[PDB]
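Note: the block below is run00.cif and it holds mmCIF, N, CA, C and O atoms.
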data_my_file
loop_
_atom_site.label_atom_id
_atom_site.label_comp_id
_atom_site.auth_asym_id
_atom_site.auth_seq_id
_atom_site.Cartn_x
_atom_site.Cartn_y
_atom_site.Cartn_z
N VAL A 1 -23.17 27.98 4.75
CA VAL A 1 -22.06 28.79 5.21
C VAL A 1 -21.81 29.94 4.24
O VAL A 1 -22.16 29.88 3.06
N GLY A 2 -21.19 31.00 4.77
CA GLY A 2 -20.94 32.17 3.95
C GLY A 2 -20.06 31.89 2.76
O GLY A 2 -20.31 32.39 1.66
N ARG A 3 -19.01 31.10 2.95
CA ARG A 3 -18.09 30.76 1.87
C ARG A 3 -17.93 29.25 1.83
O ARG A 3 -16.92 28.70 2.29
N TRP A 4 -18.93 28.55 1.31
CA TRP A 4 -18.81 27.11 1.28
C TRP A 4 -19.41 26.52 0.01
O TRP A 4 -20.46 26.96 -0.45
N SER A 5 -18.72 25.53 -0.54
CA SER A 5 -19.23 24.73 -1.64
C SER A 5 -18.79 23.30 -1.40
O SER A 5 -17.68 23.06 -0.92
N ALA A 6 -19.66 22.34 -1.71
CA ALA A 6 -19.32 20.93 -1.59
C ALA A 6 -19.52 20.24 -2.93
O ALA A 6 -20.56 20.41 -3.57
N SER A 7 -18.52 19.47 -3.36
CA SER A 7 -18.62 18.83 -4.66
C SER A 7 -17.79 17.57 -4.74
O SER A 7 -16.89 17.32 -3.92
N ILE A 8 -18.10 16.76 -5.75
CA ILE A 8 -17.41 15.52 -6.04
C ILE A 8 -17.00 15.55 -7.50
O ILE A 8 -17.80 15.92 -8.37
N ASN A 9 -15.76 15.17 -7.80
CA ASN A 9 -15.37 15.15 -9.20
C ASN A 9 -15.42 13.74 -9.74
O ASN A 9 -16.35 13.37 -10.46
N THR A 10 -14.42 12.94 -9.39
CA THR A 10 -14.35 11.57 -9.83
C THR A 10 -13.37 10.84 -8.95
O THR A 10 -12.35 11.41 -8.55
N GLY A 11 -13.66 9.59 -8.65
CA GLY A 11 -12.71 8.82 -7.88
C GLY A 11 -11.86 8.01 -8.82
O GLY A 11 -11.08 8.56 -9.60
N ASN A 12 -12.00 6.70 -8.76
CA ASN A 12 -11.23 5.80 -9.60
C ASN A 12 -12.07 5.17 -10.70
O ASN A 12 -11.62 4.22 -11.34
N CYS A 13 -13.26 5.69 -10.96
CA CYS A 13 -14.06 5.13 -12.04
C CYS A 13 -14.35 6.19 -13.09
O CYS A 13 -14.48 7.37 -12.77
N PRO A 14 -14.48 5.79 -14.36
CA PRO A 14 -14.64 6.78 -15.42
C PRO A 14 -15.93 7.57 -15.36
O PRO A 14 -15.90 8.80 -15.51
N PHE A 15 -17.06 6.92 -15.13
CA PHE A 15 -18.32 7.64 -15.22
C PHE A 15 -18.36 8.77 -14.21
O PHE A 15 -17.98 8.61 -13.05
N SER A 16 -18.82 9.93 -14.66
CA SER A 16 -18.89 11.11 -13.82
C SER A 16 -20.32 11.26 -13.33
O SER A 16 -21.24 11.45 -14.12
N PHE A 17 -20.49 11.18 -12.01
CA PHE A 17 -21.82 11.27 -11.43
C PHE A 17 -22.47 12.60 -11.74
O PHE A 17 -21.81 13.64 -11.79
N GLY A 18 -23.77 12.55 -11.98
CA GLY A 18 -24.54 13.70 -12.34
C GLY A 18 -24.84 13.77 -13.81
O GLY A 18 -25.83 14.40 -14.21
N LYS A 19 -24.02 13.13 -14.62
CA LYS A 19 -24.31 12.93 -16.03
C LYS A 19 -24.81 11.52 -16.28
O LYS A 19 -24.93 11.12 -17.44
N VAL A 20 -25.00 10.75 -15.22
CA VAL A 20 -25.50 9.39 -15.36
C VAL A 20 -26.85 9.42 -16.06
O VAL A 20 -27.17 8.55 -16.88
N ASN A 21 -27.64 10.43 -15.76
CA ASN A 21 -28.91 10.65 -16.42
C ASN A 21 -28.78 11.07 -17.87
O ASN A 21 -29.77 11.06 -18.59
N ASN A 22 -27.59 11.45 -18.33
CA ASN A 22 -27.42 11.88 -19.71
C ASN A 22 -27.29 10.65 -20.62
O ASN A 22 -26.22 10.33 -21.13
N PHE A 23 -28.41 9.96 -20.79
CA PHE A 23 -28.50 8.82 -21.71
C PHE A 23 -27.39 7.81 -21.50
O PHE A 23 -26.79 7.30 -22.45
N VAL A 24 -27.10 7.50 -20.26
CA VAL A 24 -26.09 6.50 -19.97
C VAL A 24 -26.78 5.16 -19.78
O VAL A 24 -27.92 5.10 -19.31
N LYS A 25 -26.11 4.09 -20.17
CA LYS A 25 -26.67 2.75 -20.04
C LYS A 25 -25.68 1.82 -19.37
O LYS A 25 -24.52 1.73 -19.77
N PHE A 26 -26.16 1.11 -18.35
CA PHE A 26 -25.36 0.17 -17.57
C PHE A 26 -26.21 -1.03 -17.22
O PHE A 26 -27.37 -1.14 -17.62
N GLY A 27 -25.61 -1.98 -16.51
CA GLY A 27 -26.37 -3.12 -16.04
C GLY A 27 -25.93 -3.57 -14.67
O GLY A 27 -24.77 -3.90 -14.46
N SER A 28 -26.88 -3.60 -13.74
CA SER A 28 -26.64 -4.10 -12.40
C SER A 28 -25.41 -3.46 -11.77
O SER A 28 -24.49 -4.13 -11.30
N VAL A 29 -25.38 -2.13 -11.80
CA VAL A 29 -24.29 -1.42 -11.18
C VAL A 29 -24.26 -1.72 -9.69
O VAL A 29 -23.18 -1.89 -9.10
N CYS A 30 -25.43 -1.79 -9.06
CA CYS A 30 -25.58 -2.23 -7.68
C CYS A 30 -24.73 -1.40 -6.71
O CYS A 30 -23.90 -1.91 -5.96
N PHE A 31 -24.97 -0.09 -6.73
CA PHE A 31 -24.24 0.79 -5.83
C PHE A 31 -24.54 0.46 -4.38
O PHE A 31 -25.64 0.04 -4.03
N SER A 32 -23.51 0.60 -3.55
CA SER A 32 -23.64 0.41 -2.12
C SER A 32 -22.80 1.45 -1.40
O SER A 32 -21.76 1.88 -1.90
N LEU A 33 -23.28 1.87 -0.23
CA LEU A 33 -22.49 2.77 0.59
C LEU A 33 -21.31 2.04 1.21
O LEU A 33 -20.18 2.53 1.19
N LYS A 34 -21.56 0.85 1.76
CA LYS A 34 -20.51 0.10 2.43
C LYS A 34 -19.48 -0.35 1.41
O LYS A 34 -19.83 -1.00 0.42
N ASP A 35 -18.21 -0.13 1.73
CA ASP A 35 -17.12 -0.42 0.80
C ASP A 35 -17.08 -1.89 0.40
O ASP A 35 -17.17 -2.78 1.24
N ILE A 36 -16.94 -2.13 -0.90
CA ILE A 36 -16.79 -3.49 -1.43
C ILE A 36 -15.79 -3.48 -2.57
O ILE A 36 -15.63 -2.48 -3.28
N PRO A 37 -15.11 -4.60 -2.77
CA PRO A 37 -14.10 -4.67 -3.83
C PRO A 37 -14.73 -4.65 -5.20
O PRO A 37 -15.90 -4.96 -5.39
N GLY A 38 -13.92 -4.26 -6.17
CA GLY A 38 -14.37 -4.24 -7.54
C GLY A 38 -15.16 -3.01 -7.90
O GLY A 38 -15.74 -2.96 -8.99
N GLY A 39 -15.20 -2.01 -7.02
CA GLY A 39 -15.95 -0.81 -7.29
C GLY A 39 -15.08 0.42 -7.05
O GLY A 39 -14.11 0.39 -6.29
N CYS A 40 -15.47 1.50 -7.70
CA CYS A 40 -14.74 2.74 -7.53
C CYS A 40 -15.21 3.46 -6.29
O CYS A 40 -16.20 3.09 -5.66
N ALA A 41 -14.53 4.55 -5.97
CA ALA A 41 -14.88 5.40 -4.84
C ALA A 41 -15.03 6.82 -5.35
O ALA A 41 -14.65 7.13 -6.47
N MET A 42 -15.64 7.68 -4.54
CA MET A 42 -15.83 9.04 -4.99
C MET A 42 -15.31 10.05 -3.98
O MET A 42 -15.62 9.95 -2.78
N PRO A 43 -14.52 11.02 -4.42
CA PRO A 43 -14.00 12.04 -3.52
C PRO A 43 -15.02 13.13 -3.28
O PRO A 43 -15.75 13.54 -4.18
N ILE A 44 -15.08 13.60 -2.04
CA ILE A 44 -15.97 14.68 -1.66
C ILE A 44 -15.12 15.78 -1.07
O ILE A 44 -14.21 15.50 -0.28
N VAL A 45 -15.40 17.03 -1.43
CA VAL A 45 -14.60 18.13 -0.93
C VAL A 45 -15.47 19.32 -0.57
O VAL A 45 -16.55 19.53 -1.13
N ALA A 46 -14.96 20.11 0.37
CA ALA A 46 -15.57 21.31 0.90
C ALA A 46 -14.64 22.49 0.67
O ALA A 46 -13.42 22.36 0.81
N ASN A 47 -15.20 23.65 0.35
CA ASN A 47 -14.38 24.82 0.04
C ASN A 47 -14.60 25.97 1.01
O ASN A 47 -15.71 26.22 1.47
N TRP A 48 -13.50 26.65 1.29
CA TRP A 48 -13.43 27.81 2.16
C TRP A 48 -12.59 28.89 1.49
O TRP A 48 -11.50 29.23 1.93
N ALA A 49 -13.07 29.36 0.34
CA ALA A 49 -12.40 30.39 -0.44
C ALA A 49 -11.09 29.89 -1.02
O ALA A 49 -10.16 30.68 -1.24
N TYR A 50 -11.00 28.58 -1.23
CA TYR A 50 -9.88 27.88 -1.85
C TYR A 50 -8.71 27.71 -0.90
O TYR A 50 -7.72 27.08 -1.27
N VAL B 1 -29.03 -26.88 -4.10
CA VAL B 1 -30.26 -26.24 -4.54
C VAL B 1 -30.63 -26.72 -5.93
O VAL B 1 -29.79 -27.16 -6.71
N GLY B 2 -31.93 -26.60 -6.24
CA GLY B 2 -32.41 -27.07 -7.53
C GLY B 2 -31.78 -26.34 -8.70
O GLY B 2 -31.43 -26.96 -9.71
N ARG B 3 -31.62 -25.03 -8.59
CA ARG B 3 -31.03 -24.23 -9.66
C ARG B 3 -29.92 -23.37 -9.05
O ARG B 3 -30.10 -22.17 -8.82
N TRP B 4 -28.78 -23.98 -8.76
CA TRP B 4 -27.72 -23.20 -8.16
C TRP B 4 -26.35 -23.63 -8.68
O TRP B 4 -26.08 -24.82 -8.84
N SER B 5 -25.50 -22.64 -8.92
CA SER B 5 -24.10 -22.86 -9.24
C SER B 5 -23.31 -21.76 -8.56
O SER B 5 -23.76 -20.62 -8.50
N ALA B 6 -22.14 -22.10 -8.03
CA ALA B 6 -21.26 -21.12 -7.42
C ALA B 6 -19.90 -21.16 -8.10
O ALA B 6 -19.33 -22.24 -8.28
N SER B 7 -19.38 -19.99 -8.46
CA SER B 7 -18.11 -19.97 -9.17
C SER B 7 -17.38 -18.65 -8.98
O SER B 7 -17.95 -17.64 -8.56
N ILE B 8 -16.09 -18.69 -9.29
CA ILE B 8 -15.20 -17.53 -9.23
C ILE B 8 -14.51 -17.41 -10.57
O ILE B 8 -14.03 -18.41 -11.11
N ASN B 9 -14.44 -16.20 -11.11
CA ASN B 9 -13.72 -16.06 -12.37
C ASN B 9 -12.33 -15.51 -12.13
O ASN B 9 -11.34 -16.25 -12.17
N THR B 10 -12.25 -14.21 -11.87
CA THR B 10 -10.99 -13.56 -11.62
C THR B 10 -11.26 -12.23 -10.96
O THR B 10 -12.24 -11.56 -11.30
N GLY B 11 -10.41 -11.84 -10.03
CA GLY B 11 -10.58 -10.55 -9.44
C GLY B 11 -9.70 -9.55 -10.14
O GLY B 11 -9.90 -9.26 -11.32
N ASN B 12 -8.70 -9.05 -9.43
CA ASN B 12 -7.78 -8.07 -9.99
C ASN B 12 -6.40 -8.66 -10.26
O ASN B 12 -5.46 -7.91 -10.50
N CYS B 13 -6.27 -9.98 -10.25
CA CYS B 13 -4.97 -10.56 -10.54
C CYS B 13 -5.06 -11.48 -11.75
O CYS B 13 -6.09 -12.11 -11.98
N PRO B 14 -3.97 -11.58 -12.52
CA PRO B 14 -4.05 -12.35 -13.77
C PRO B 14 -4.27 -13.84 -13.59
O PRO B 14 -5.11 -14.41 -14.28
N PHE B 15 -3.57 -14.47 -12.66
CA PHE B 15 -3.66 -15.92 -12.57
C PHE B 15 -5.08 -16.35 -12.27
O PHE B 15 -5.76 -15.77 -11.42
N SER B 16 -5.54 -17.37 -12.99
CA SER B 16 -6.89 -17.87 -12.83
C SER B 16 -6.85 -19.10 -11.95
O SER B 16 -6.24 -20.11 -12.31
N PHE B 17 -7.51 -19.02 -10.80
CA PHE B 17 -7.49 -20.12 -9.86
C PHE B 17 -8.10 -21.37 -10.47
O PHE B 17 -9.06 -21.31 -11.24
N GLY B 18 -7.52 -22.51 -10.13
CA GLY B 18 -7.93 -23.79 -10.65
C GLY B 18 -7.03 -24.29 -11.74
O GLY B 18 -6.96 -25.50 -11.96
N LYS B 19 -6.33 -23.39 -12.41
CA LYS B 19 -5.28 -23.75 -13.33
C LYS B 19 -3.92 -23.55 -12.69
O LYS B 19 -2.90 -23.64 -13.38
N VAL B 20 -3.90 -23.20 -11.40
CA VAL B 20 -2.63 -23.00 -10.70
C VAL B 20 -1.83 -24.28 -10.75
O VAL B 20 -0.60 -24.27 -10.88
N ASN B 21 -2.52 -25.41 -10.67
CA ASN B 21 -1.90 -26.71 -10.80
C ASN B 21 -1.41 -27.01 -12.21
O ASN B 21 -0.67 -27.97 -12.39
N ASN B 22 -1.80 -26.23 -13.21
CA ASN B 22 -1.36 -26.49 -14.57
C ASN B 22 0.04 -25.93 -14.79
O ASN B 22 0.25 -24.92 -15.46
N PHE B 23 1.02 -26.59 -14.17
CA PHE B 23 2.43 -26.27 -14.35
C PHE B 23 2.72 -24.79 -14.14
O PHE B 23 3.47 -24.17 -14.90
N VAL B 24 2.14 -24.21 -13.13
CA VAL B 24 2.40 -22.81 -12.83
C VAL B 24 3.51 -22.74 -11.79
O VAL B 24 3.64 -23.63 -10.94
N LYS B 25 4.33 -21.71 -11.87
CA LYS B 25 5.43 -21.54 -10.93
C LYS B 25 5.43 -20.14 -10.35
O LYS B 25 5.37 -19.15 -11.09
N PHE B 26 5.52 -20.06 -9.02
CA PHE B 26 5.51 -18.81 -8.28
C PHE B 26 6.48 -18.92 -7.12
O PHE B 26 7.15 -19.94 -6.94
N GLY B 27 6.59 -17.85 -6.35
CA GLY B 27 7.40 -17.89 -5.16
C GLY B 27 6.80 -17.10 -4.02
O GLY B 27 6.57 -15.89 -4.15
N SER B 28 6.57 -17.77 -2.90
CA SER B 28 6.10 -17.12 -1.69
C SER B 28 4.87 -16.27 -1.96
O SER B 28 4.81 -15.08 -1.64
N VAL B 29 3.88 -16.88 -2.61
CA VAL B 29 2.63 -16.18 -2.86
C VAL B 29 1.99 -15.79 -1.54
O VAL B 29 1.43 -14.70 -1.41
N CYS B 30 2.04 -16.69 -0.56
CA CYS B 30 1.61 -16.40 0.80
C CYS B 30 0.16 -15.92 0.87
O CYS B 30 -0.16 -14.85 1.38
N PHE B 31 -0.74 -16.75 0.35
CA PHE B 31 -2.15 -16.41 0.37
C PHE B 31 -2.66 -16.29 1.80
O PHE B 31 -2.20 -17.01 2.70
N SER B 32 -3.57 -15.35 2.00
CA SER B 32 -4.22 -15.16 3.28
C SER B 32 -5.68 -14.82 3.05
O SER B 32 -6.04 -14.20 2.05
N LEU B 33 -6.53 -15.27 3.97
CA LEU B 33 -7.94 -14.89 3.91
C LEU B 33 -8.12 -13.43 4.28
O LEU B 33 -8.83 -12.68 3.60
N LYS B 34 -7.47 -13.00 5.36
CA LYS B 34 -7.63 -11.63 5.84
C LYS B 34 -7.01 -10.67 4.83
O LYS B 34 -5.84 -10.81 4.47
N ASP B 35 -7.76 -9.63 4.49
CA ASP B 35 -7.35 -8.68 3.46
C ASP B 35 -6.02 -8.01 3.80
O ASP B 35 -5.82 -7.54 4.92
N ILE B 36 -5.13 -7.96 2.81
CA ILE B 36 -3.85 -7.26 2.96
C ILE B 36 -3.51 -6.57 1.66
O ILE B 36 -3.89 -7.01 0.57
N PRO B 37 -2.76 -5.47 1.75
CA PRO B 37 -2.41 -4.72 0.55
C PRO B 37 -1.42 -5.47 -0.32
O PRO B 37 -0.71 -6.37 0.14
N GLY B 38 -1.40 -5.10 -1.59
CA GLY B 38 -0.47 -5.71 -2.51
C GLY B 38 -0.94 -7.03 -3.06
O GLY B 38 -0.16 -7.72 -3.73
N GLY B 39 -2.19 -7.41 -2.80
CA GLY B 39 -2.70 -8.67 -3.28
C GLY B 39 -4.03 -8.47 -3.98
O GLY B 39 -4.75 -7.51 -3.74
N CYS B 40 -4.34 -9.42 -4.85
CA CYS B 40 -5.59 -9.35 -5.57
C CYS B 40 -6.71 -9.93 -4.73
O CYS B 40 -6.49 -10.51 -3.67
N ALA B 41 -7.93 -9.81 -5.24
CA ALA B 41 -9.11 -10.35 -4.59
C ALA B 41 -9.83 -11.23 -5.59
O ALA B 41 -9.53 -11.22 -6.78
N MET B 42 -10.76 -12.05 -5.10
CA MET B 42 -11.46 -12.93 -6.02
C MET B 42 -12.97 -12.80 -5.87
O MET B 42 -13.50 -12.85 -4.75
N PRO B 43 -13.68 -12.65 -6.98
CA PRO B 43 -15.14 -12.55 -6.93
C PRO B 43 -15.77 -13.92 -6.84
O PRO B 43 -15.32 -14.88 -7.47
N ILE B 44 -16.83 -14.01 -6.05
CA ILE B 44 -17.58 -15.25 -5.90
C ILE B 44 -19.02 -14.94 -6.26
O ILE B 44 -19.56 -13.91 -5.85
N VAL B 45 -19.65 -15.84 -7.01
CA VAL B 45 -21.02 -15.59 -7.44
C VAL B 45 -21.85 -16.86 -7.36
O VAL B 45 -21.34 -17.99 -7.48
N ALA B 46 -23.15 -16.66 -7.17
CA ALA B 46 -24.17 -17.69 -7.06
C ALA B 46 -25.21 -17.47 -8.15
O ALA B 46 -25.57 -16.33 -8.45
N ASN B 47 -25.72 -18.56 -8.72
CA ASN B 47 -26.67 -18.45 -9.82
C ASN B 47 -28.02 -19.04 -9.49
O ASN B 47 -28.13 -20.06 -8.81
N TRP B 48 -29.05 -18.37 -10.00
CA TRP B 48 -30.44 -18.74 -9.87
C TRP B 48 -31.12 -18.63 -11.23
O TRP B 48 -31.98 -17.78 -11.46
N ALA B 49 -30.65 -19.43 -12.18
CA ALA B 49 -31.18 -19.46 -13.54
C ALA B 49 -30.88 -18.17 -14.28
O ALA B 49 -31.63 -17.78 -15.17
N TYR B 50 -29.81 -17.50 -13.88
CA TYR B 50 -29.27 -16.29 -14.49
C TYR B 50 -30.06 -15.06 -14.10
O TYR B 50 -29.68 -13.95 -14.49
#
Step by step, read the file and then write its structure as structure tokens.
Amino acid sequence: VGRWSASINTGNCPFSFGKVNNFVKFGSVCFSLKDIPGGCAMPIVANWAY
Amino acid sequence: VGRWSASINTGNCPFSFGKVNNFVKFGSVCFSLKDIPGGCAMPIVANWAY
């Protein structure tokens, strides 16, 4: 689109996606699309010139 | 099973199930299986030699 950006900042969990590759270490994070308890969520947003 | 154990530790609520009988006092906890807001959840896990 002429004036569009899509991005995610952070939901309810500390780790910021996209820096996960920046020497981060975890164990059995076991991400899933389908909602499950005990896990954070991530906000997604679209922009139209603010 | 030959190598199996099933257990629950704690979800998002302080009270640890199984010690509820250890002189614990509450009022109208009103546990339900069907998910409802304002209540904690409990994790369940199965083991296969870790």
**OP:** Please return as a ChimeraX atom specification: the residues of chain A that backbone DSSP assigns to strand (DSSP E or B).
**Re:** /A:5-7,45-47
Subject >> Nearby residues (all atoms listed in the file) at most 8 Å from stretch 7-9 of chain A, same-chain spacing under 6 positions excluded, as a PyMOL selection string >> reply: chain A and resi 15-18+41-47
**OP:** Compare B:35, B:11, B:21, B:6 by their minimum atom-to-atom distance to chain A, counting all atoms listed in the file, and give me the closest one.
**Re:**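 Result for the nearest residue to chain A: B:11.
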**OP:** To verify the selection step, state as a ChimeraX atom specification which residues the PyMOL selection byres ((chain A and name CA) within 12 of (chain B and name CA)) yields on this input.
**Re:** /A:36-39
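Between atom C of residue B:2 and atom CA of residue A:27 the interatomic distance comes to 24.9 Å.
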Would you compute the box with edges along x, y and z of the file around stretch 29-42 of chain A, including every atom the file lists for it and 3 Å extra on each side, and give its centre and edge lengths in Å to one decimal, as JSON?
{"center_x": -19.8, "center_y": 2.5, "center_z": -4.7, "size_x": 17.7, "size_y": 21.0, "size_z": 20.2}
**OP:** Let me know the residues the PyMOL selection byres ((chain A and resi 48) around 7) catches in the file above, as a ChimeraX atom specification.
**Re:** /A:3-5,46-47,49-50
Keeping N, CA, C and O atoms for every residue in the selection just given, could you write it to a file as a CSV table (one decimal), keeping the file's coordinate frame?
chain,number,residue,atom,x,y,z
A,3,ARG,N,-19.0,31.1,3.0
A,3,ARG,CA,-18.1,30.8,1.9
A,3,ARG,C,-17.9,29.2,1.8
A,3,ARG,O,-16.9,28.7,2.3
A,4,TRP,N,-18.9,28.6,1.3
A,4,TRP,CA,-18.8,27.1,1.3
A,4,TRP,C,-19.4,26.5,0.0
A,4,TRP,O,-20.5,27.0,-0.4
A,5,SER,N,-18.7,25.5,-0.5
A,5,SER,CA,-19.2,24.7,-1.6
A,5,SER,C,-18.8,23.3,-1.4
A,5,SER,O,-17.7,23.1,-0.9
A,46,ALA,N,-15.0,20.1,0.4
A,46,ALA,CA,-15.6,21.3,0.9
A,46,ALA,C,-14.6,22.5,0.7
A,46,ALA,O,-13.4,22.4,0.8
A,47,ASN,N,-15.2,23.6,0.4
A,47,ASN,CA,-14.4,24.8,0.0
A,47,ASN,C,-14.6,26.0,1.0
A,47,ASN,O,-15.7,26.2,1.5
A,49,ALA,N,-13.1,29.4,0.3
A,49,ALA,CA,-12.4,30.4,-0.4
A,49,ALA,C,-11.1,29.9,-1.0
A,49,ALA,O,-10.2,30.7,-1.2
A,50,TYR,N,-11.0,28.6,-1.2
A,50,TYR,CA,-9.9,27.9,-1.8
A,50,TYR,C,-8.7,27.7,-0.9
A,50,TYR,O,-7.7,27.1,-1.3
Original post:
Separation of atom O of residue A:22 and atom C of residue B:10, in Å?
Top reply: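 Here the two named atoms are 28.9 Å from each other.
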**OP:** One decimal, Å: what's the distance from atom CA of residue B:29 over to atom CA of residue A:34, could you say?
**Re:**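 These atoms are spaced 28.8 Å apart.
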